[PDB]
There are 2 protein chains.
Amino acid sequence: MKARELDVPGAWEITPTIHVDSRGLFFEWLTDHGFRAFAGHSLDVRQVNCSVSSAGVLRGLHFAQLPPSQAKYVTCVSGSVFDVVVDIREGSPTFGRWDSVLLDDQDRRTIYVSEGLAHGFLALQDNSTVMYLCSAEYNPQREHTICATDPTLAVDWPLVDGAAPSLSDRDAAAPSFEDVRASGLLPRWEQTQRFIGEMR
Amino acid sequence: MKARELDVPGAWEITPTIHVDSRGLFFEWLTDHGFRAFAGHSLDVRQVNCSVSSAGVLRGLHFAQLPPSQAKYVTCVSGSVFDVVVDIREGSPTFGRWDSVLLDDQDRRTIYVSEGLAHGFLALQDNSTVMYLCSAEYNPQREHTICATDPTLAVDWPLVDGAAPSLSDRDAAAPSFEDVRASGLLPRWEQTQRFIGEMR
């Protein structure tokens, strides 16, 4: 299982080894040995979520406060989504930068988003199903959103032929990256790096 | 999340609460609190597998030796499969009995199969995708198969319009339930119950 670190350190694109046969195909989405190899520790799966999205739906950008924050291991099992990770860790060398992975049912990649990072996606097709393993259960009291179209982050979302994204009400009213930063709610690089080190 | 114990004790059918909105739908597939409620302990996810199957493919019947065996939390995210669990635990009150759950992308149910049970499924539609969380990594040296069409177990598979199942080569040559039993490879109820108790 090929794992490539993204331009945001602590986020990875994983490409599975897909076994194809007369019955269809099989692959190992996660393995503890494969995960540990790139992440340096085991993924503690406390929750697994699934969404189905129509074309142009944008969910994000979410993060969870440290600790324990909420690491995400994210894949698309039908359709396709353009998935984004944002370095929101203050003091990080790449603070403010983002990168993307194309998740879909063709190459069946995954994005791993480690703790204190922000994540979201835009569904590129109808009936786009995303599953994601989380290192913590849903905790609306420590989960935050950043406007997915925030001009400081300036993520380049690939609009669908060629229309405005559909967002939830909460995601549509999300505060700006600068609002969140100035609220002292962004994770700190020093502590996220240390928290990941104590797991390793 | 509604959890109903099957006729095989230690296997459960889980029905999620599906949240539907303008974007599509979302649900929590697993939560630690929801899992613990019915299973009495946390699921230790060490591997997650995914298959895509065409109509009439039958995978099974697999089990893993205790300990730690391999508990499975199994769902269908596209298409539909008829999923079977078999009580292969010697000394169990329901030794030899089986039950089924219909997994599909409509009701989005799950089957939880605890340790020392045997599991399999028959895909009822093309492009039937199954994901499953496992409490242990793939260990071909402690994993065994029982003929899915074994006459002692006598599972009633729902053949697809109306043809023989397609099996892997290994599953097509699997030994009989009585071969496995007589090889002392079946799990023991007393130890599986005790192993689950030490986790609880």
# chains A, B, ... in the order shown; residues from 1 in each chain; ligands from 1

call {"tool": "residues_around", "arguments": {"residues": "residue 87 (chain A)", "least_positions_apart": "2", "cutoff": "7 Å", "atoms": "only C-alpha atoms", "output": "number ranges by chain"}}
result
A: 8, 85, 89, 94-98, 117-118

call {"tool": "closest_atom_pairs", "arguments": {"of": "chain A", "to": "chain B", "cutoff": "7 Å", "atoms": "only C-alpha atoms", "output": "tab-separated table"}}
result
residue	atom	partner	partner_atom	distance
A:23	CA	B:53	CA	5.6
A:24	CA	B:53	CA	4.8
A:25	CA	B:52	CA	5.2
A:26	CA	B:51	CA	4.2
A:27	CA	B:50	CA	5.6
A:28	CA	B:49	CA	4.5
A:29	CA	B:49	CA	5.2
A:30	CA	B:48	CA	4.9
A:31	CA	B:47	CA	4.4
A:32	CA	B:46	CA	5.2
A:45	CA	B:45	CA	6.2
A:46	CA	B:32	CA	5.2
A:47	CA	B:31	CA	4.4
A:48	CA	B:30	CA	4.9
A:49	CA	B:28	CA	4.5
A:50	CA	B:27	CA	5.6
A:51	CA	B:26	CA	4.2
A:52	CA	B:25	CA	5.2
A:53	CA	B:24	CA	4.8
A:54	CA	B:23	CA	6.1
A:57	CA	B:23	CA	6.0
A:137	CA	B:31	CA	6.7
A:166	CA	B:23	CA	6.9

call {"tool": "select_by_dssp", "arguments": {"residues": "region 75-174 of chain B", "states": "alpha helix (DSSP H)", "output": "number ranges by chain"}}
result
B: 169-172

call {"tool": "write_last_selection", "arguments": {"atoms": "N, CA, C and O atoms", "output": "mmCIF file, in the first residue's frame"}}
result
data_model
loop_
_atom_site.group_PDB
_atom_site.id
_atom_site.type_symbol
_atom_site.label_atom_id
_atom_site.label_comp_id
_atom_site.auth_asym_id
_atom_site.auth_seq_id
_atom_site.Cartn_x
_atom_site.Cartn_y
_atom_site.Cartn_z
ATOM 1 N N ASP B 169 -11.336 -19.920 -6.024
ATOM 2 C CA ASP B 169 -10.822 -21.278 -6.045
ATOM 3 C C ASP B 169 -10.713 -21.864 -4.627
ATOM 4 O O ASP B 169 -11.053 -23.048 -4.408
ATOM 5 N N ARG B 170 -10.279 -21.057 -3.652
ATOM 6 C CA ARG B 170 -10.018 -21.575 -2.300
ATOM 7 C C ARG B 170 -11.319 -21.927 -1.571
ATOM 8 O O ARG B 170 -11.354 -22.898 -0.760
ATOM 9 N N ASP B 171 -12.319 -21.082 -1.809
ATOM 10 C CA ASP B 171 -13.664 -21.211 -1.225
ATOM 11 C C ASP B 171 -14.384 -22.350 -1.898
ATOM 12 O O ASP B 171 -15.109 -23.070 -1.246
ATOM 13 N N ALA B 172 -14.163 -22.513 -3.201
ATOM 14 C CA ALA B 172 -14.719 -23.671 -3.911
ATOM 15 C C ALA B 172 -14.121 -25.015 -3.475
ATOM 16 O O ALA B 172 -14.778 -26.038 -3.646
#

call {"tool": "closest_residue", "arguments": {"among": "A:76, A:101, A:39, A:163", "to": "residue 6 (chain A)", "atoms": "only C-alpha atoms"}}
result
A:101

call {"tool": "atom_distance", "arguments": {"atom1": "CA of residue 143 (chain B)", "atom2": "CA of residue 174 (chain B)"}}
result
11.9 Å

call {"tool": "closest_residue", "arguments": {"among": "B:180, B:64, B:37, B:84", "to": "residue 119 (chain B)", "atoms": "only C-alpha atoms"}}
result
B:84

call {"tool": "closest_residue", "arguments": {"among": "B:74, B:146, B:81, B:86", "to": "residue 62 (chain B)", "atoms": "only C-alpha atoms"}}
result
B:146

call {"tool": "select_by_dssp", "arguments": {"residues": "chain A", "states": "strand (DSSP E)", "output": "PyMOL selection string"}}
result
chain A and resi 2-5+11-15+19-21+24-31+47-53+58-64+72-78+80-86+98-104+110-113+118-123+128-134+143-145

call {"tool": "atom_distance", "arguments": {"atom1": "CA of residue 178 (chain B)", "atom2": "CA of residue 100 (chain B)"}}
result
21.4 Å

call {"tool": "closest_residue", "arguments": {"among": "B:5, B:115, B:99, B:105", "to": "residue 68 (chain B)", "atoms": "only C-alpha atoms"}}
result
B:115

call {"tool": "atom_distance", "arguments": {"atom1": "CA of residue 194 (chain B)", "atom2": "CA of residue 38 (chain B)"}}
result
16.8 Å

call {"tool": "residues_around", "arguments": {"residues": "residue 116 (chain A)", "least_positions_apart": "4", "cutoff": "9 Å", "atoms": "only C-alpha atoms", "output": "PyMOL selection string"}}
result
chain A and resi 63-71+87-89+186-189+192
